[PDB]
Structures are given as C-alpha cells and as structure tokens.
There are 2 protein chains.
Amino acid sequence: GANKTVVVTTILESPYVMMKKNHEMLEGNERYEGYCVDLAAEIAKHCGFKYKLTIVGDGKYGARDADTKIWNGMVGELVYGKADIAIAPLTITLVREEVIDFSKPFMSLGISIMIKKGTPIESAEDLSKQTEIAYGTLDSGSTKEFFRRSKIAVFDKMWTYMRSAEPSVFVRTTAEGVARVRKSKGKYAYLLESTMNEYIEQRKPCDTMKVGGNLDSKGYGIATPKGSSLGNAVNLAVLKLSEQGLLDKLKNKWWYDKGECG
Amino acid sequence: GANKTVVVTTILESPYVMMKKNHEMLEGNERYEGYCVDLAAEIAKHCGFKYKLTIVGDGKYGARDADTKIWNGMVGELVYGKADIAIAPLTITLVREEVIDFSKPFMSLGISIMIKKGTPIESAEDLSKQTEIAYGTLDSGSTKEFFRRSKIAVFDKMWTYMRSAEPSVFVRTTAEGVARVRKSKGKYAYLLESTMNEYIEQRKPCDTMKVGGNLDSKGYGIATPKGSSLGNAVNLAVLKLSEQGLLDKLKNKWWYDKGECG
Ligand SMILES: Cc1cc2c(cc1S(=O)(=O)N1CCN(C)CC1)S(=O)(=O)N[C@@H](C1CCCC1)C2
Ligand SMILES: Cc1cc2c(cc1S(=O)(=O)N1CCN(C)CC1)S(=O)(=O)N[C@@H](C1CCCC1)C2
Ligand SMILES: N[C@@H](CCC(=O)O)C(=O)O
Ligand SMILES: N[C@@H](CCC(=O)O)C(=O)O
C-alpha cells in the first residue's frame with residue numbers, strides 16, 4: 001500500500017520537544033524544536049517516511065490503571081491506534097513492552113534527586129530517614145512505577161511516605177516539579193530522571209542541582225505498536241545514528257552546548 | 001518439538017567468563033565463573049531452558065572478511081549454526097545486525113585508552129599527535145572496526161598509523177593487550193572497551209589506568225541467529241533482570257566488590 005504520513009506522538013518536555021519562540025506564526029513540525037525533534041527528522045530520513053509531530057493529547061507518558069487495564073499517555077496513543085510511533089524520552093519498561101515495542105535505547109538515564117541548592121540532602125537514604133523535606137515524582141510515569149513496585153527498604157519506605165503524603169507530592173509535569181523545588185525553600189526535593197535533572201541544573205536561575213548516584217540504570221526507546229512494519233527500520237536507524245555519532249552530538253547540542261550556568 | 005539443550009557460545013574474557021581455579025576436576029558449565037556465567041544462568045531460568053556453555057572455537061568476537069563475506073568468532077558460530085545464542089561481552093553493531101539479532105543492551109561501554117601508569121598520554125588526540133608511544137586494538141572485534149570506518153580526523157589518523165604499524169600493534173586477545181602495556185615501559189597504549197579497562201585497573205599489580213573520555217557510547221547485547229524463537233524471551237529476560245537490579249549487582253560483583261587495588 002501507498003506510504004502515508006506517519007503520526008508521531010511526543011510530549012512537551014524540555015529539551016526534547018519545546019515550542020519555538022515564534023511558533024504562533026509557524027505550522028506543523030516547524031512549531032517545535034529539541035532533541036527529539038532533531039531525532040525524529042533523522043529517523044524519518046533513514047527510514048524513508050514523511051511524518052507529523054503531534055503532542056500527546058493527555059500530556060502523559062503512560063501508565064496502566066490497575067483495575068481497568070486502560071493505558072494513558074503516549075503508550076495509550078500507540079495502544080489505541082492514535083499514533084504510529086512515539087519519539088520521546090519514553091523509558092523502556094517490562095510492563096510497557098507487554099503492549100508496545102521499543103527500539104534499542106537512544107539515551108541512558110537513571111532515577112535521580114533534584115534539590116534546591118543548600119538543601120541538606122545527599123541521597124535517597126537521606127530523604128527516607130527524615131520528614132522535614134517533602135519529596136515526590138511525576139504522575140503516570142516510570143519513576144512513580146519504580147517506587148510503587150520496588151522491594152528495596154529505602155525505596156519501599158519512600159513509596160510508603162509519598163503515596164499517602166498530604167498535600168500531594170506528585171506533580172503533573174516535570175516543569176511543575178522543578179518549579180515546586182525552586183519555590184519551596186528547600187523543603188521539597190524532586191525525584192526525576194538524570195537526563196532531565198542534568199538539563200535543569202544548567203538552566204537559569206541555576207538554583208538546583210543533582211545529588212546522589214542514580215537509583216537505577218535504564219534507557220529511552222522509540223516505541224511502535226505491536227506488529228508495526230516500522231519497528232525493524234526504526235531499530236536499524238537508531239544503530240546507524242549511534243555509529244555516526246548523531247546521538248552524542250544531539251545530547252551535547254541540547255544539554256551542554258546551550259547550558260546557561262557557565 | 002521437545003525442548004533441547006541450548007548451545008551457548010561465549011568467550012574467555014575476564015571477568016565475563018573465566019576458568020575456575022579447580023576447573024580440571026569440574027565438568028560442563030561448572031568449569032566456568034564470571035559475569036556472563038551468572039547472567040546465562042539467570043537468562044536460562046527466566047526463559048525456561050537448559051544450556052551448555054561452549055567457548056568459541058576460534059577465540060574471536062566476530063568480524064566479516066571484506067572479500068569472502070565469511071564471518072568468524074561468536075558471530076560466525078551463530079551464523080553457521082554451531083551455537084543457539086551468544087552470552088558474552090559482544091558489542092551491538094549495525095553490520096552484525098545484518099546477520100544476527102541482538103537483545104537490548106545489558107551493559108554499557110565505550111572505546112577507551114589503557115596506559116601503563118606514568119605514560120604522558122591523556123587522550124586519543126594525544127596518541128594521534130606523536131609516534132614515540134605505539135598503540136593498538138584487539139583483532140576481529142568492534143574496536144578495530146570502529147577505527148577502520150571512522151571519519152573523524154583524529155581516529156582516521158590513528159587508523160592510518162595502526163594499520164601499517166610494524167611490528168603489528170594488534171593483539172589476539174585482551175589479555176595479550178594488557179600484558180603488552182604492562183611490559184612495554186609506557187611505549188605501548190591499548191585501545192579497548194571501558195568495561196575491560198576499568199576491570200584491569202582494579203587488578204594487581206595495579207600498574208595500569210584508564211585515561212581520557214570514552215570515544216563512543218555502545219552496549220553489549222545477547223545475540224541469537226535470525227529467526228530464532230529465543231530472541232523474544234531473551235529480550236524480556238534482560239528487561240526483567242534490569243528491573244530486578246540483577247545487572248547492577250552482577251557488575252558490582254565482578255568489577256568492584258572483587259577489586260584488588262584498594
Ligand atoms: C549518545 C548515547 C548513545 C547511546 C546510548 C546512550 C547515549 S547518551 O546520550 O546517554 N550518552 C551521553 C554521553 N555519555 C554520558 C554516554 C551516554 S544507549 O546506551 O542508550 N544506547 C547506545 C547503543 C544503541 C544500540 C544499543 C546501544 C547508544
Ligand atoms: C546495570 C546496567 C543496566 C543496563 C545497562 C547498563 C548497565 S551498566 O552495568 O553498564 N551500569 C553500571 C552502573 N552505571 C555505571 C550505569 C551503567 S544498559 O544501558 O546497557 N541497558 C539498560 C536497559 C535494559 C533495556 C534497555 C535499557 C540496563
Ligand atoms: N521517562 C519517564 C517519564 C519521566 C519520569 O517518570 O520521571 C517515562 O517514560 O515514564
Ligand atoms: N566487545 C568487542 C570486543 C572487544 C573490542 O573490540 O575491544 C566485540 O564485540 O567485538
């Protein structure tokens with residue numbers, strides 16, 4: 001059958017996909033910039049398809065409801081046929097692999113801690129052993145699910161606190177979490193992926209930092225629906241771009257070449 | 001059809017697979033220890049198969065001859081039907097993906113520099129700009145192929161020197177390379193994967209070290225022949241073990257918990 005424009009789901013998450021300053025006078029894919037916008041263009045070229053970037057309707061990564069088994073976020077879009085591919089900082093997880101396919105990873109990450117500078121916290125164990133400083137994670141993402149299922153005493157203890165914390169310690173978007181750290185006088189710390197932590201650490205006002213080692217070792221993959229023709233070509237594209245140096249170049253472009261903190 | 005014992009190809013490469021001290025009085029899989037021996041046991045359990053570890057006959061990772069298109073090493077064993085799966089520090093590369101399947105990566109690495117302590121070399125550029133200190137790579141592996149195809153001025157310059165260097169700067173095994181660094185009075189440096197470099201840095205006599213940043217960002221994958229039933233189960237096994245913490249535990253076990261250099 002004839003080639004058709006591929007519907008790409010992605011998420012507004014800096015510096016992966018961001019609105020261009022002048023987006024109001026732009027159309028289509030041209031409205032957007034970032035690592036994943038650059039990566040989509042390269043994947044598309046190698047795979048030989050035309051594509052339309054579409055921001056995920058519900059603004060979520062993807063979680064399955066325990067009772068209903070319904071998926072939301074970008075994972076849901078793939079599962080229910082509203083997108084052909086997800087090119088986003090979407091973490092490869094076993095439960096997600098039940099319902100979608102992931103490419104080999106194009107970027108590594110692990111769960112990490114973001115503090116406001118000066119906060120007397122160096123580690124997850126530190127957080128777990130006190131109550132003065134609140135802490136949380138993003139809703140409907142892999143970090144929250146990590147804590148929910150972890151067996152580890154410290155993380156299990158963190159999860160027991162976070163799940164019942166009031167007011168809620170969970171946030172709707174990464175930017176909300178970062179804003180919360182910045183304005184809570186060191187009484188909130190944020191659990192988020194090292195990639196996003198390390199990005200924000202080099203953004204003005206330069207008042208946050210990453211502390212501790214990463215809690216785990218994971219990757220982002222390009223996701224396609226089960227049985228999609230596209231998966232094979234996508235996986236070869238990722239390997240090619242890795243070997244060409246493109247993944248390294250794009251990481252440096254969007255994290256460090258553009259860093260605002262000296 | 002009935003389950004059959006799975007023939008696993010692997011390679012004697014420390015600390016992935018090593019002979020046990022008392023191997024002469026042991027049989028079968030019990031002759032061996034290391035990261036990949038531990039990983040094979042876990043993969044097998046999750047995938048529900050019985051297996052036989054078999055050291056690759058020609059002692060090589062895998063390279064394709066330019067003229068004949070024949071494959072050697074573990075890749076060859078999979079290609080020609082002499083093994084069902086490779087569980088080894090086998091690097092995921094696009095050319096290898098032509099003829100075998102790789103799982104998602106279970107360990108990260110990049111090409112790095114090993115020096116004898118005291119050698120006035122901090123980087124690949126350093127090596128490229130002088131002739132007093134010789135340098136090389138392992139034959140029939142991904143590091144040599146990296147230099148052979150690289151476009152980068154420094155690496156292209158390194159490749160031009162290495163390919164014509166006399167006496168040969170290439171080595172038959174990693175241990176030969178390490179031994180060569182140790183006994184060449186700082187006049188040989190060795191290009192090898194960060195994983196193996198970082199292992200040897202914590203081995204007596206503690207006379208080597210890693211210098212510079214990694215030249216690339218790659219991973220090891222479990223490899224199966226094209227069309228193997230096993231690939232799907234293997235990929236889910238890797239994701240499960242990642243999420244359980246097993247990959248982190250085994251890395252720490254074989255690299256750092258056992259370090260000999262304080
Ligand atoms: C540039 C890059 C390439 C690859 C990865 C991560 C990265 S990284 O952006 O996470 N990179 C930045 C520089 N170093 C910190 C290494 C990690 S990855 O480990 O997830 N996957 C690799 C290979 C792609 C096929 C599987 C392994 C490419
Ligand atoms: C423990 C570990 C787990 C995984 C990787 C690497 C590693 S690591 O041994 O290379 N690890 C050691 C500790 N840190 C240095 C992070 C890297 S990986 O990036 O190659 N692959 C991940 C996920 C497995 C599915 C794809 C991503 C698991
Ligand atoms: N990368 C995560 C979202 C961020 C997070 O959970 O910290 C995901 O795919 O769910
Ligand atoms: N891991 C490499 C071997 C070691 C090297 O080339 O440095 C491979 O699969 O070829």
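In listed order, ligands and their atoms are each counted from 1. By convention in this document, chain letters (A, B, ...) are assigned in the order of the sequence lines, proteins followed by strands, and residues within each chain are numbered from 1.
For a threshold of 3.5 Å applied to N or O pairs, the pair formed by B:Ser140 and ligand 4 contains no separation below that value. Considering backbone and side-chain N/O of B:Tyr61, none are found under 3.5 Å from N/O of ligand 4. No N or O atom of B:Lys144 sits closer than 3.5 Å to an N or O atom of ligand 4.
Counting heavy-atom neighbours within 6.0 Å of B:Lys82 NZ, excluding the residue itself, gives a total of 12 or less. At most 12 non-hydrogen atoms from other residues, nucleotides or ligands lie less than 6.0 angstrom from NZ of A:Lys249.
Relative to the ring axis of A:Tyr35, A:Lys251 does not place its NZ or CZ within 45° and under 6.0 Å from the centre. Note that A:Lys253 lies outside the cation-pi zone of A:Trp255, set by a 6.0 Å cut-off to the ring centre and a 45° limit from the axis.
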Quiz item: Can B:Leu191 and B:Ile113 be said to form a side-chain contact (heavy atoms from CB on, under 4.5 Å), step by step?
Solution: CA-CA 5 Å; B:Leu191 290 146; B:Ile113 300 175; 3.8 Å; yes
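To the nearest 0.5 Å, the span separating CE on A:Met74 from CD1 on A:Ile100 amounts to 9.0 Å.
Annotation for ligand 4: atoms under 4.0 Å from non-hydrogen atoms of B:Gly141 are 6 (O), 10 (O). Listed by atom number, the atoms of ligand 4 under 4.0 Å from B:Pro89 heavy atoms are 1 (N), 9 (O). For ligand 4, the atoms closer than 4.0 angstrom to any heavy atom of B:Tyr220 are 1 (N). For ligand 4 and B:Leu90, the ligand atoms under 4.0 Å from any heavy atom of the residue are 9 (O).
Closest protein heavy atom to atom 8 (C) of ligand 4: B:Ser142 OG, 3.3 Å. Remark: minimum distance from atom 5 (C) of ligand 4 to any protein heavy atom is reached at B:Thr143 OG1, 3.2 Å. Here the protein heavy atom with the shortest distance to atom 4 (C) of ligand 4 is B:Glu193 OE1, 3.5 Å.
By the side chain to side chain donor-acceptor pair (under 3.5 Å) test, B:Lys187 is found to be paired with B:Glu132, residues two or more places apart in sequence or in another chain being considered.
Only the side chain of B:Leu138 comes within 4.0 Å of ligand 4, counting heavy atoms alone; its backbone N, CA, C and O stay farther away. Residue contacts with ligand 4 for B:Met74 are absent, since no atom lies close enough (heavy atoms, distance under 4.0 Å).
Between B:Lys210 and B:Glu201 no salt bridge is recorded (no basic side-chain N to carboxylate O distance below 4.0 Å). Residues B:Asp207 and B:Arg182 are paired through a salt bridge, judged by an N-O separation under 4.0 Å between the basic side chain and the carboxylate.
The backbone N or O of B:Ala63 sits less than 3.5 Å from a side-chain atom of B:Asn72, completing a donor-acceptor pair.
No option in B:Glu193, B:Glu145, B:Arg96 other than B:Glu193 meets the side chain to side chain donor-acceptor pair (under 3.5 Å) test with B:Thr91. Remark: of the listed residues B:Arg172, B:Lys144, B:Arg163, B:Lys144 is the sole one forming a salt bridge (charged side-chain N to carboxylate O under 4.0 Å, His left out) with B:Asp139.
Using a 4.0 Å heavy-atom cutoff, B:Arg96 is listed among the residues neighbouring ligand 4.
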Would you mind writing out a table of all protein N or O atoms found under 3.5 Å from any N or O atom of ligand 1, naming both atoms and giving the distance to 0.1 Å?
residue  : atom   : partner  : partner atom : Å
ligand 1 : 10 (O) : A:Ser108 : N            : 2.9
ligand 1 : 19 (O) : A:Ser108 : OG           : 3.2
ligand 1 : 20 (O) : A:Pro105 : O            : 3.4
ligand 1 : 20 (O) : A:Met107 : N            : 3.4
ligand 1 : 20 (O) : A:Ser108 : OG           : 3.4
ligand 1 : 21 (N) : A:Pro105 : O            : 2.8

